[PDB]
$ cat input-v8.txt   # compact mmCIF, C-alpha atoms
# COMPACT_ATOMS: atom_id res chain seq x y z
CA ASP V 317 119.50 75.31 75.07
CA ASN V 318 117.91 76.83 78.18
CA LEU V 319 115.39 73.98 78.71
CA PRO V 320 115.54 72.21 82.09
CA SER V 321 117.46 68.96 81.94
CA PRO V 322 116.64 65.85 84.00
CA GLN V 323 120.30 65.68 85.10
CA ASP V 324 120.11 69.12 86.75
CA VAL V 325 118.11 70.46 89.68
CA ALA V 326 114.38 70.74 89.10
CA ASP V 327 112.67 74.10 88.82
CA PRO V 328 111.29 75.55 92.07
CA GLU V 329 107.76 74.67 93.14
CA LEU V 330 105.59 76.05 95.93
CA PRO V 331 104.99 73.23 98.45
CA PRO V 332 101.41 72.11 99.08
CA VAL V 333 99.32 73.20 102.05
CA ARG V 334 98.64 70.68 104.78
CA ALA V 335 96.07 70.55 107.56
CA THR V 336 98.07 72.60 110.10
CA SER V 337 101.08 73.82 108.11
CA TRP V 338 102.18 77.44 108.35
CA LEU V 339 101.30 79.50 105.28
CA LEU V 340 104.08 81.02 103.18
CA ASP V 341 104.05 84.33 101.33
CA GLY V 342 103.67 82.39 98.09
CA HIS V 343 100.46 80.83 99.40
CA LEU V 344 99.01 84.24 100.27
CA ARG V 345 99.68 85.77 96.85
CA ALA V 346 98.27 82.73 95.03
CA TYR V 347 95.08 83.09 97.08
CA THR V 348 94.70 86.82 96.42
CA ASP V 349 95.55 86.35 92.74
CA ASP V 350 92.69 83.85 92.50
CA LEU V 351 90.40 86.19 94.47
CA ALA V 352 91.11 89.06 92.07
CA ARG V 353 90.16 86.77 89.19
CA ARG V 354 86.87 85.82 90.87
CA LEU V 355 86.01 89.48 91.53
CA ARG V 356 86.98 90.86 88.11
CA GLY V 357 84.08 92.51 86.30
CA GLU V 358 81.99 93.04 89.44
CA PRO V 359 80.96 96.56 90.49
CA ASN V 360 83.37 98.28 92.91
CA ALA V 361 85.91 95.49 92.36
CA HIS V 362 88.41 97.87 90.71
CA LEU V 363 88.66 99.91 93.93
CA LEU V 364 90.56 97.02 95.55
CA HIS V 365 94.25 96.10 95.46
CA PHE V 366 95.79 93.01 97.08
CA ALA V 367 99.45 93.53 97.94
CA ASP V 368 102.20 90.93 97.88
CA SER V 369 103.66 90.53 101.36
CA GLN V 370 107.20 90.79 99.99
CA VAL V 371 106.45 94.21 98.49
CA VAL V 372 105.11 95.32 101.89
CA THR V 373 108.39 94.31 103.53
CA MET V 374 110.27 96.17 100.77
CA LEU V 375 108.83 99.43 102.16
CA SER V 376 111.27 99.20 105.09
CA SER V 377 114.31 98.39 102.94
CA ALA V 378 117.59 100.13 103.72
CA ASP V 379 118.12 100.52 99.95
CA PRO V 380 116.77 103.83 98.57
CA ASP V 381 115.71 102.53 95.14
CA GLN V 382 114.08 99.38 96.53
CA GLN V 383 112.15 101.48 99.06
CA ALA V 384 110.92 103.96 96.44
CA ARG V 385 109.88 101.10 94.15
CA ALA V 386 107.71 99.60 96.91
CA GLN V 387 106.15 103.01 97.58
CA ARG V 388 105.23 103.33 93.90
CA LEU V 389 103.79 99.81 93.73
CA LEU V 390 101.48 100.40 96.72
CA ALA V 391 100.72 104.14 96.66
CA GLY V 392 101.42 105.26 93.08
CA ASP V 393 98.93 107.23 91.02
CA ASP V 394 97.76 104.04 89.27
CA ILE V 395 97.06 101.95 92.40
CA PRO V 396 93.43 101.37 93.53
CA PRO V 397 92.40 103.26 96.68
CA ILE V 398 91.65 100.35 99.07
CA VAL V 399 94.84 98.33 99.67
CA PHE V 400 95.23 95.15 101.73
CA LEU V 401 98.72 94.72 103.20
CA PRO V 402 99.73 91.37 104.75
CA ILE V 403 102.07 92.01 107.69
CA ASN V 404 104.62 89.26 108.35
CA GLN V 405 106.79 88.73 111.41
CA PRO V 406 109.33 86.21 110.06
CA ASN V 407 109.25 82.73 111.63
CA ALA V 408 106.35 83.95 113.78
CA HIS V 409 103.07 85.52 112.74
CA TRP V 410 100.74 87.03 110.12
CA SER V 411 98.45 90.06 110.51
CA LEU V 412 96.54 92.37 108.16
CA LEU V 413 96.67 96.14 107.60
CA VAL V 414 94.03 97.86 105.44
CA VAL V 415 94.54 101.38 104.08
CA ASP V 416 91.56 103.29 102.64
CA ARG V 417 92.77 106.22 100.50
CA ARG V 418 89.44 107.09 98.86
CA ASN V 419 89.62 110.49 100.61
CA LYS V 420 93.13 111.82 100.01
CA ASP V 421 92.83 114.20 102.99
CA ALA V 422 91.23 111.72 105.43
CA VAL V 423 93.05 108.39 105.04
CA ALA V 424 91.89 105.61 107.37
CA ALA V 425 93.97 102.59 108.39
CA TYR V 426 92.85 99.39 110.13
CA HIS V 427 94.93 96.65 111.78
CA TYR V 428 93.64 93.13 112.48
CA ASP V 429 95.57 90.71 114.72
CA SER V 430 94.06 87.30 115.51
CA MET V 431 96.48 86.58 118.38
CA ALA V 432 95.01 86.46 121.89
CA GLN V 433 97.86 88.08 123.85
CA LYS V 434 99.29 90.45 121.27
CA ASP V 435 102.97 90.77 120.38
CA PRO V 436 104.32 94.36 120.50
CA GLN V 437 106.51 93.43 117.52
CA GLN V 438 103.48 92.82 115.29
CA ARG V 439 101.91 96.26 115.70
CA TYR V 440 105.38 97.80 115.34
CA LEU V 441 105.76 96.13 111.94
CA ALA V 442 102.32 97.43 110.96
CA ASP V 443 103.33 100.91 112.12
CA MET V 444 106.51 100.86 110.01
CA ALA V 445 104.50 99.96 106.90
CA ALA V 446 102.07 102.83 107.50
CA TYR V 447 104.96 105.23 108.17
CA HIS V 448 106.72 104.39 104.89
CA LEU V 449 103.42 104.84 103.02
CA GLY V 450 103.33 108.44 104.25
CA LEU V 451 100.84 107.96 107.09
CA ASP V 452 100.77 108.75 110.80
CA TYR V 453 100.99 105.34 112.47
CA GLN V 454 99.37 106.74 115.62
CA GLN V 455 96.05 107.05 113.73
CA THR V 456 95.82 103.36 112.78
CA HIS V 457 92.79 101.70 114.36
CA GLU V 458 93.23 98.34 116.09
CA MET V 459 90.08 96.54 114.96
CA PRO V 460 88.23 93.45 116.25
CA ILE V 461 88.79 90.06 114.62
CA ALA V 462 88.11 86.49 115.69
CA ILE V 463 90.80 85.14 118.02
CA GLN V 464 92.63 82.03 116.93
CA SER V 465 92.65 79.12 119.31
CA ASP V 466 95.61 77.37 117.65
CA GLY V 467 99.21 78.18 116.81
CA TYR V 468 99.07 77.81 113.02
CA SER V 469 96.04 79.50 111.43
CA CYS V 470 97.12 83.16 111.54
CA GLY V 471 97.58 83.05 107.77
CA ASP V 472 94.06 81.66 107.43
CA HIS V 473 92.63 84.56 109.44
CA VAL V 474 94.44 87.07 107.22
CA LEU V 475 93.13 85.55 103.98
CA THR V 476 89.60 85.13 105.36
CA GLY V 477 89.56 88.76 106.50
CA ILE V 478 90.63 89.94 103.05
CA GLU V 479 87.96 87.68 101.53
CA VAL V 480 85.20 89.05 103.76
CA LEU V 481 86.16 92.73 103.59
CA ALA V 482 86.50 92.63 99.80
CA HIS V 483 82.93 91.38 99.38
CA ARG V 484 81.65 94.05 101.77
CA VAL V 485 83.21 96.63 99.45
CA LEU V 486 81.46 94.95 96.51
CA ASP V 487 77.96 95.05 98.03
CA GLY V 488 78.51 98.38 99.80
CA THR V 489 78.33 97.42 103.49
CA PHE V 490 81.99 98.27 104.15
CA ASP V 491 81.13 101.92 104.91
CA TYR V 492 78.26 101.31 107.35
CA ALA V 493 77.59 99.97 110.84
CA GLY V 494 80.00 97.15 111.67
CA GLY V 495 81.36 97.07 108.13
CA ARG V 496 84.98 96.85 109.31
CA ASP V 497 84.25 94.32 112.09
CA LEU V 498 85.63 90.79 111.62
CA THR V 499 84.65 89.29 114.99
CA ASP V 500 82.45 86.56 113.50
CA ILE V 501 84.66 85.14 110.74
CA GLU V 502 85.41 81.40 110.77
CA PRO V 503 88.45 80.53 108.64
CA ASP V 504 88.25 77.27 106.68
CA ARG V 505 91.61 75.64 105.91
CA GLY V 506 89.87 73.15 103.63
CA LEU V 507 88.31 75.93 101.55
CA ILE V 508 91.66 77.75 101.38
CA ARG V 509 93.36 74.60 100.10
CA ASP V 510 90.61 74.06 97.52
CA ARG V 511 90.95 77.59 96.14
CA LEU V 512 94.73 77.17 95.82
CA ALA V 513 94.22 73.84 94.04
CA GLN V 514 91.59 75.15 91.59
CA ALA V 515 93.54 78.33 90.77
CA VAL J 19 120.33 90.64 71.74
CA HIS J 20 121.74 91.00 75.26
CA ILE J 21 120.28 92.92 78.19
CA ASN J 22 121.88 94.14 81.42
CA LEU J 23 119.83 93.48 84.55
CA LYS J 24 120.35 93.93 88.28
CA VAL J 25 119.30 91.68 91.16
CA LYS J 26 119.01 93.23 94.62
CA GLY J 27 118.85 91.02 97.71
CA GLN J 28 118.10 91.89 101.31
CA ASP J 29 121.81 92.54 101.89
CA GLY J 30 121.33 95.73 99.84
CA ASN J 31 124.13 94.80 97.43
CA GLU J 32 123.18 94.73 93.75
CA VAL J 33 124.37 91.93 91.46
CA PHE J 34 124.73 92.73 87.76
CA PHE J 35 123.62 90.16 85.18
CA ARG J 36 124.05 90.10 81.40
CA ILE J 37 121.92 87.53 79.56
CA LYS J 38 120.14 87.24 76.24
CA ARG J 39 116.57 88.47 75.90
CA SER J 40 115.65 84.88 74.95
CA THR J 41 117.30 83.31 78.02
CA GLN J 42 114.91 81.81 80.57
CA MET J 43 115.03 83.15 84.12
CA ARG J 44 116.15 79.84 85.67
CA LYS J 45 119.71 80.63 84.56
CA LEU J 46 119.65 83.89 86.55
CA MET J 47 117.85 82.32 89.52
CA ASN J 48 120.35 79.46 89.82
CA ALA J 49 123.38 81.75 89.54
CA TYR J 50 122.04 84.09 92.23
CA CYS J 51 121.11 81.31 94.65
CA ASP J 52 124.62 79.83 94.47
CA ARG J 53 126.08 83.08 95.77
CA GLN J 54 123.87 83.03 98.84
CA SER J 55 124.00 79.23 99.39
CA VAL J 56 120.22 78.92 99.66
CA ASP J 57 118.06 76.87 97.33
CA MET J 58 115.59 78.30 94.82
CA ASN J 59 112.72 77.00 96.99
CA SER J 60 113.66 79.48 99.75
CA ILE J 61 113.85 82.74 97.76
CA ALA J 62 111.24 84.60 95.70
CA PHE J 63 112.11 86.74 92.68
CA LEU J 64 109.85 89.71 91.92
CA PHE J 65 109.94 92.22 89.05
CA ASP J 66 107.82 95.33 89.70
CA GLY J 67 105.53 93.24 91.90
CA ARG J 68 105.33 90.23 89.56
CA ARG J 69 106.62 86.87 90.76
CA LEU J 70 109.07 85.36 88.27
CA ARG J 71 109.15 81.75 87.08
CA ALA J 72 112.01 79.65 85.74
CA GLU J 73 110.68 79.38 82.17
CA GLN J 74 110.01 83.07 81.45
CA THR J 75 112.33 85.24 79.36
CA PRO J 76 113.09 88.98 79.56
CA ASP J 77 111.23 89.59 76.28
CA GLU J 78 108.08 87.87 77.55
CA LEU J 79 108.35 89.94 80.75
CA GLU J 80 108.93 93.17 78.76
CA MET J 81 112.12 94.01 80.64
CA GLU J 82 114.37 96.87 79.54
CA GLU J 83 118.06 97.73 79.81
CA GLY J 84 118.95 98.35 83.44
CA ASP J 85 115.80 96.87 84.99
CA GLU J 86 116.02 95.63 88.56
CA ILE J 87 114.75 92.40 90.20
CA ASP J 88 114.06 91.97 93.93
CA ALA J 89 115.17 88.69 95.54
CA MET J 90 113.43 88.11 98.88
CA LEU J 91 113.73 85.37 101.49
CA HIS J 92 110.53 83.38 101.98
CA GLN J 93 108.23 84.47 104.80
CA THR J 94 106.37 82.13 107.14
CA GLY J 95 104.18 82.57 110.20

$ encode --input "input-v8.txt" --output "structure tokens"
Amino acid sequence: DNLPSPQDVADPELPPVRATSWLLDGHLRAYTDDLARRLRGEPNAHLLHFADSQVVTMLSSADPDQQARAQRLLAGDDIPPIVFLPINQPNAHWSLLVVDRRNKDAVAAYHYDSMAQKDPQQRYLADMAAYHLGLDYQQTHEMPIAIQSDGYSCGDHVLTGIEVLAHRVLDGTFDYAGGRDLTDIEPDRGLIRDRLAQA
Amino acid sequence: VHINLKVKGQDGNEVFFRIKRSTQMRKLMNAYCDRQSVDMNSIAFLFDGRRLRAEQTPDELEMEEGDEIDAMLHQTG
């Protein structure tokens, strides 16, 4: 009755990742879903939360109920304290904002942008997300990350940074010297495609 | 047997749907996409942070009367 029929339009499908194709929000969530599976059961893993980039954008919605729903999904009482927020500038760029709420009275926020000459729009979008999460955007730290030499792999740098920082939380180096420094990462598009294919 | 749901797009306007709890989501996804004249491969449907698929039903998703779904344009960069 509700089954898909061959005479109608096919169900939607996320397109595959190519060698230099721009990553979509669906690709990012599939990667972080698979990462959460790989980390499940490990010590400290339950302190982490990987946000969907569409929920992050919902924080700035002009609709009251949609805005409050996003605030509950990312800062509610049941959300882990270390949240990774992908920041999207549509048709343009990806960056990463990390919010550490383990101390309710001393929240720390970190922003990673792999673009060489930075766009003022990108930090502004990161500042709006922090503002709608109840933070002072002026206290967000702009942190070092490897600079991309191409015009396509900004999504790769975001996912690799989440990958690396998550494992530093697992082994306990996130809180010590250079624990939040991502200068030496080397994103691997082939590895990213493999993890999306084996998920 | 029926359930009333809302879909809220980035225009802020809410669209009210009434389907059976056994009806798969593709019926709602198709009807919404025809109003906006964009295909289903350009819009993501999320329910409390969960991405919806064409084959899932409200009962499988544990939806309740008056629940709301967010329809968001795809993001690239």

$ residues_around --input "input-v8.txt" --residues "stretch 374-377 of chain V" --least-positions-apart "2" --cutoff "12 Å" --atoms "all atoms listed in the file" --output "number ranges by chain"
V: 367-372, 379-391, 401, 403-404, 440-450; J: 26-31, 64, 66-67, 88-91

$ write_last_selection --input "input-v8.txt" --atoms "C-alpha atoms" --output "tab-separated table (two decimals), in the frame of the given file"
chain	number	residue	atom	x	y	z
V	367	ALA	CA	99.45	93.53	97.94
V	368	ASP	CA	102.20	90.93	97.88
V	369	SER	CA	103.66	90.53	101.36
V	370	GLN	CA	107.20	90.79	99.99
V	371	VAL	CA	106.45	94.21	98.49
V	372	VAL	CA	105.11	95.32	101.89
V	379	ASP	CA	118.12	100.52	99.95
V	380	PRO	CA	116.77	103.83	98.57
V	381	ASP	CA	115.71	102.53	95.14
V	382	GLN	CA	114.08	99.38	96.53
V	383	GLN	CA	112.15	101.48	99.06
V	384	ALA	CA	110.92	103.96	96.44
V	385	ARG	CA	109.88	101.10	94.15
V	386	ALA	CA	107.71	99.60	96.91
V	387	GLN	CA	106.15	103.01	97.58
V	388	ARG	CA	105.23	103.33	93.90
V	389	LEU	CA	103.79	99.81	93.73
V	390	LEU	CA	101.48	100.40	96.72
V	391	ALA	CA	100.72	104.14	96.66
V	401	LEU	CA	98.72	94.72	103.20
V	403	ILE	CA	102.07	92.01	107.69
V	404	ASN	CA	104.62	89.26	108.35
V	440	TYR	CA	105.38	97.80	115.34
V	441	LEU	CA	105.76	96.13	111.94
V	442	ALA	CA	102.32	97.43	110.96
V	443	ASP	CA	103.33	100.91	112.12
V	444	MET	CA	106.51	100.86	110.01
V	445	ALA	CA	104.50	99.96	106.90
V	446	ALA	CA	102.07	102.83	107.50
V	447	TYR	CA	104.96	105.23	108.17
V	448	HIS	CA	106.72	104.39	104.89
V	449	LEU	CA	103.42	104.84	103.02
V	450	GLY	CA	103.33	108.44	104.25
J	26	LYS	CA	119.01	93.23	94.62
J	27	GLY	CA	118.85	91.02	97.71
J	28	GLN	CA	118.10	91.89	101.31
J	29	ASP	CA	121.81	92.54	101.89
J	30	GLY	CA	121.33	95.73	99.84
J	31	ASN	CA	124.13	94.80	97.43
J	64	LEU	CA	109.85	89.71	91.92
J	66	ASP	CA	107.82	95.33	89.70
J	67	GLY	CA	105.53	93.24	91.90
J	88	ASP	CA	114.06	91.97	93.93
J	89	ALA	CA	115.17	88.69	95.54
J	90	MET	CA	113.43	88.11	98.88
J	91	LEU	CA	113.73	85.37	101.49

$ atom_distance --input "input-v8.txt" --atom1 "atom CA of residue J:63" --atom2 "atom CA of residue J:19"
22.8 Å

$ residues_around --input "input-v8.txt" --residues "residue V:506" --least-positions-apart "5" --cutoff "10 Å" --atoms "only C-alpha atoms" --output "ChimeraX atom specification"
/V:333-335,511

$ write_last_selection --input "input-v8.txt" --atoms "C-alpha atoms" --output "mmCIF file, keeping the file's coordinate frame"
data_model
loop_
_atom_site.group_PDB
_atom_site.id
_atom_site.type_symbol
_atom_site.label_atom_id
_atom_site.label_comp_id
_atom_site.auth_asym_id
_atom_site.auth_seq_id
_atom_site.Cartn_x
_atom_site.Cartn_y
_atom_site.Cartn_z
ATOM 1 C CA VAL V 333 99.320 73.200 102.050
ATOM 2 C CA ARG V 334 98.640 70.680 104.780
ATOM 3 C CA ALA V 335 96.070 70.550 107.560
ATOM 4 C CA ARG V 511 90.950 77.590 96.140
#

$ closest_atom_pairs --input "input-v8.txt" --of "chain V" --to "chain J" --cutoff "8 Å" --atoms "only C-alpha atoms" --output "JSON lines"
{"residue": "V:318", "atom": "CA", "partner": "J:42", "partner_atom": "CA", "distance": 6.3}
{"residue": "V:319", "atom": "CA", "partner": "J:73", "partner_atom": "CA", "distance": 8.0}
{"residue": "V:327", "atom": "CA", "partner": "J:72", "partner_atom": "CA", "distance": 6.4}
{"residue": "V:328", "atom": "CA", "partner": "J:59", "partner_atom": "CA", "distance": 5.3}
{"residue": "V:329", "atom": "CA", "partner": "J:59", "partner_atom": "CA", "distance": 6.7}
{"residue": "V:330", "atom": "CA", "partner": "J:59", "partner_atom": "CA", "distance": 7.3}
{"residue": "V:338", "atom": "CA", "partner": "J:95", "partner_atom": "CA", "distance": 5.8}
{"residue": "V:339", "atom": "CA", "partner": "J:94", "partner_atom": "CA", "distance": 6.0}
{"residue": "V:340", "atom": "CA", "partner": "J:94", "partner_atom": "CA", "distance": 4.7}
{"residue": "V:341", "atom": "CA", "partner": "J:93", "partner_atom": "CA", "distance": 5.4}
{"residue": "V:342", "atom": "CA", "partner": "J:92", "partner_atom": "CA", "distance": 7.9}
{"residue": "V:368", "atom": "CA", "partner": "J:67", "partner_atom": "CA", "distance": 7.2}
{"residue": "V:370", "atom": "CA", "partner": "J:90", "partner_atom": "CA", "distance": 6.9}
{"residue": "V:371", "atom": "CA", "partner": "J:67", "partner_atom": "CA", "distance": 6.7}
{"residue": "V:377", "atom": "CA", "partner": "J:28", "partner_atom": "CA", "distance": 7.7}
{"residue": "V:378", "atom": "CA", "partner": "J:30", "partner_atom": "CA", "distance": 7.0}
{"residue": "V:379", "atom": "CA", "partner": "J:30", "partner_atom": "CA", "distance": 5.8}
{"residue": "V:382", "atom": "CA", "partner": "J:88", "partner_atom": "CA", "distance": 7.9}
{"residue": "V:385", "atom": "CA", "partner": "J:66", "partner_atom": "CA", "distance": 7.6}
{"residue": "V:389", "atom": "CA", "partner": "J:67", "partner_atom": "CA", "distance": 7.0}
{"residue": "V:404", "atom": "CA", "partner": "J:95", "partner_atom": "CA", "distance": 7.0}
{"residue": "V:405", "atom": "CA", "partner": "J:95", "partner_atom": "CA", "distance": 6.8}
{"residue": "V:406", "atom": "CA", "partner": "J:93", "partner_atom": "CA", "distance": 5.6}
{"residue": "V:407", "atom": "CA", "partner": "J:95", "partner_atom": "CA", "distance": 5.3}
{"residue": "V:408", "atom": "CA", "partner": "J:95", "partner_atom": "CA", "distance": 4.4}
{"residue": "V:409", "atom": "CA", "partner": "J:95", "partner_atom": "CA", "distance": 4.0}
{"residue": "V:410", "atom": "CA", "partner": "J:95", "partner_atom": "CA", "distance": 5.6}
{"residue": "V:468", "atom": "CA", "partner": "J:95", "partner_atom": "CA", "distance": 7.5}
{"residue": "V:470", "atom": "CA", "partner": "J:95", "partner_atom": "CA", "distance": 7.2}
{"residue": "V:471", "atom": "CA", "partner": "J:95", "partner_atom": "CA", "distance": 7.0}

$ atom_distance --input "input-v8.txt" --atom1 "atom CA of residue J:55" --atom2 "atom CA of residue J:74"
23.1 Å

$ residues_around --input "input-v8.txt" --residues "residue J:35" --least-positions-apart "4" --cutoff "8 Å" --atoms "all atoms listed in the file" --output "count of residues only"
5

$ atom_distance --input "input-v8.txt" --atom1 "atom CA of residue V:475" --atom2 "atom CA of residue V:346"
10.7 Å

$ closest_residue --input "input-v8.txt" --among "V:430, V:438, V:489, V:348" --to "residue V:466" --atoms "all atoms listed in the file"
V:430

$ residues_around --input "input-v8.txt" --residues "residue V:473" --least-positions-apart "6" --cutoff "10 Å" --atoms "all atoms listed in the file" --output "PyMOL selection string"
chain V and resi 410-412+428-431+461-464+479+498+501-505

$ residues_around --input "input-v8.txt" --residues "residue V:417" --least-positions-apart "3" --cutoff "12 Å" --atoms "only C-alpha atoms" --output "CSV table (one decimal) with C-alpha atoms, in the frame of the given file"
chain,number,residue,atom,x,y,z
V,363,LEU,CA,88.7,99.9,93.9
V,364,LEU,CA,90.6,97.0,95.6
V,365,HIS,CA,94.2,96.1,95.5
V,390,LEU,CA,101.5,100.4,96.7
V,391,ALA,CA,100.7,104.1,96.7
V,392,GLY,CA,101.4,105.3,93.1
V,393,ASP,CA,98.9,107.2,91.0
V,395,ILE,CA,97.1,102.0,92.4
V,396,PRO,CA,93.4,101.4,93.5
V,397,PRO,CA,92.4,103.3,96.7
V,398,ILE,CA,91.6,100.4,99.1
V,399,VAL,CA,94.8,98.3,99.7
V,400,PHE,CA,95.2,95.2,101.7
V,414,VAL,CA,94.0,97.9,105.4
V,420,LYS,CA,93.1,111.8,100.0
V,421,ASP,CA,92.8,114.2,103.0
V,422,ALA,CA,91.2,111.7,105.4
V,423,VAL,CA,93.0,108.4,105.0
V,424,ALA,CA,91.9,105.6,107.4
V,425,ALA,CA,94.0,102.6,108.4
V,426,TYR,CA,92.8,99.4,110.1
V,449,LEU,CA,103.4,104.8,103.0
V,450,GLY,CA,103.3,108.4,104.2
V,451,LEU,CA,100.8,108.0,107.1

$ residues_near_point --input "input-v8.txt" --point "(88.2, 97.8, 115.3)" --cutoff "8 Å" --atoms "all atoms listed in the file" --output "mmCIF file with C-alpha atoms, keeping the file's coordinate frame"
data_model
loop_
_atom_site.group_PDB
_atom_site.id
_atom_site.type_symbol
_atom_site.label_atom_id
_atom_site.label_comp_id
_atom_site.auth_asym_id
_atom_site.auth_seq_id
_atom_site.Cartn_x
_atom_site.Cartn_y
_atom_site.Cartn_z
ATOM 1 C CA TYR V 426 92.850 99.390 110.130
ATOM 2 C CA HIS V 427 94.930 96.650 111.780
ATOM 3 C CA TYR V 428 93.640 93.130 112.480
ATOM 4 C CA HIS V 457 92.790 101.700 114.360
ATOM 5 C CA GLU V 458 93.230 98.340 116.090
ATOM 6 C CA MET V 459 90.080 96.540 114.960
ATOM 7 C CA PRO V 460 88.230 93.450 116.250
ATOM 8 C CA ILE V 461 88.790 90.060 114.620
ATOM 9 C CA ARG V 496 84.980 96.850 109.310
ATOM 10 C CA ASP V 497 84.250 94.320 112.090
#

$ build_atoms --input "input-v8.txt" --residues "stretch 65-77 of chain J" --atoms "N, CA, C and O atoms" --output "compact mmCIF listing (two decimals), in the frame of the given file"
# COMPACT_ATOMS: atom_id res chain seq x y z
N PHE J 65 109.62 91.14 89.98
CA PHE J 65 109.94 92.22 89.05
C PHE J 65 108.75 93.16 88.99
O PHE J 65 107.72 92.84 88.37
N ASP J 66 108.89 94.33 89.62
CA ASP J 66 107.82 95.33 89.70
C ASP J 66 106.53 94.72 90.25
O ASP J 66 105.42 95.03 89.79
N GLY J 67 106.67 93.86 91.25
CA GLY J 67 105.53 93.24 91.90
C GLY J 67 105.06 91.94 91.29
O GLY J 67 104.08 91.36 91.79
N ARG J 68 105.71 91.46 90.24
CA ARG J 68 105.33 90.23 89.56
C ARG J 68 106.30 89.12 89.92
O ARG J 68 107.52 89.29 89.79
N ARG J 69 105.77 87.98 90.36
CA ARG J 69 106.62 86.87 90.76
C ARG J 69 107.12 86.12 89.53
O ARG J 69 106.33 85.72 88.66
N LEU J 70 108.44 85.94 89.45
CA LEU J 70 109.07 85.36 88.27
C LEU J 70 109.13 83.84 88.38
O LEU J 70 109.24 83.27 89.46
N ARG J 71 109.07 83.19 87.21
CA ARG J 71 109.15 81.75 87.08
C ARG J 71 110.35 81.36 86.22
O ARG J 71 110.88 82.17 85.44
N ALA J 72 110.77 80.11 86.37
CA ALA J 72 112.01 79.65 85.74
C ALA J 72 111.95 79.72 84.22
O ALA J 72 112.98 79.95 83.57
N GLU J 73 110.77 79.53 83.62
CA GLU J 73 110.68 79.38 82.17
C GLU J 73 110.50 80.70 81.43
O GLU J 73 110.56 80.71 80.20
N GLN J 74 110.30 81.81 82.13
CA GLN J 74 110.01 83.07 81.45
C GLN J 74 111.30 83.79 81.06
O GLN J 74 112.32 83.70 81.74
N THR J 75 111.22 84.51 79.95
CA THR J 75 112.33 85.24 79.36
C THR J 75 112.15 86.74 79.54
O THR J 75 111.04 87.22 79.78
N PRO J 76 113.24 87.52 79.44
CA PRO J 76 113.09 88.98 79.56
C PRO J 76 112.16 89.59 78.52
O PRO J 76 111.48 90.58 78.82
N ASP J 77 112.11 89.04 77.31
CA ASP J 77 111.23 89.59 76.28
C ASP J 77 109.77 89.35 76.63
O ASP J 77 108.93 90.24 76.46
